[PDB]
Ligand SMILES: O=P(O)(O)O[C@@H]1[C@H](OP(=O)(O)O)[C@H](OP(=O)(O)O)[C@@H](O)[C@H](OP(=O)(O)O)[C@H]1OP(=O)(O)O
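Only one chain is given next, in structure tokens, and it is the form solved without this ligand.
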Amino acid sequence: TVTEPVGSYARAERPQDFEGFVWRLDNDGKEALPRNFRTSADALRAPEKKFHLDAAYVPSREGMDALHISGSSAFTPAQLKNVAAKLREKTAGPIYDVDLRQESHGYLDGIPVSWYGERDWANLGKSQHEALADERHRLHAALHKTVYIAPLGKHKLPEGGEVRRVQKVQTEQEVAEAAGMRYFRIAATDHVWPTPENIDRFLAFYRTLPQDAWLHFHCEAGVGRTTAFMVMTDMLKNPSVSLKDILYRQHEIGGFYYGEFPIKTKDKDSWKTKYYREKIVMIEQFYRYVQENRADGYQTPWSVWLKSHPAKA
């Protein structure tokens, strides 16, 4: 009897110890584009030293021209419009804003904010239905009320910021539509491998996309969640490409590197270590799922297949 299988370690954490406490500023809006903006059309750059990769290695670009995906961190409405314009120069198909954030977030007076709890786990353990209900209620409750919006500084705690009486509230779905993008939400918890529920939902969505759909994935800050789904999409769409090439190329266009590397954390972030190790194991298991299930058109869902073929630490 195993309480939590590999790929589900976060289920052991207690949601009540990470409840939200502040409206975090997701982007100050000073730049034209959100941070970490990158597309599959981009040239590959040298790998980051931290990953101890082979800088001489030349990854195959097989399928990258037709992949049609991009990623970025959070954005203001104006930044999303800039992203949409850039992507429209690359395709005539529908462009999707694939929101990978489980945390409740939205726009107050056009300012992108999120209800932040320790480790960005304010919605940990909630079903997507529950997470979205929390978001809807919180955003609506902010209208015509005074709120404190702040960036996180020293030790992931509020520092500075501003206080305002909100006159307009918008969901990301509304902002996406205003930018001419379709919207699709996958409520994935920050810092951990996406759940079987998250991936099942993504795969079902992937299956009904028109051939020319362009997927723009985004998370809050960094490249963890976006890279996981960009890697999964690359594997699904280009199954003949080696795991090494997929992992190297998604890292070299600006994402995270999801293969083995010497994990090193500050004491303050030692809790992240097992989650990084879990992600490495799970990306390999997903690759196995794609290889073993593509032939019959993925008749067996990832969640079902993973229960019969559990990953090992």
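Residues carry their position along the shown sequence, with the first being 1.
Omitted here: the form deposited with this ligand bound. The next part is about that form.
Residue in contact with this ligand in the deposited complex (any heavy atom within 4.5 Å), chosen from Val166, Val223, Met235, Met181: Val223.
A heavy atom within 4.5 Å of this ligand in the deposited complex is found for one listed residue only; from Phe37, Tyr248, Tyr287, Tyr276, this is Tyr276. The stretch from 276-284, 39-47, 240-248, 59-67 that comes within 4.5 Å of this ligand in the deposited complex, counting heavy atoms only, is 276-284. Not one of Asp97, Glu172 and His216 places a heavy atom within 4.5 Å of this ligand in the deposited complex. At the 4.5 Å threshold, heavy atoms of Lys156 reach this ligand in the deposited complex.
Within 4.5 Å of some heavy atom of this ligand in the deposited complex lies at least one heavy atom of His191. Taking this ligand as it sits in the deposited complex, the stretch 10-28 comes within 4.5 angstroms of it through a non-hydrogen atom at just one residue, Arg24.
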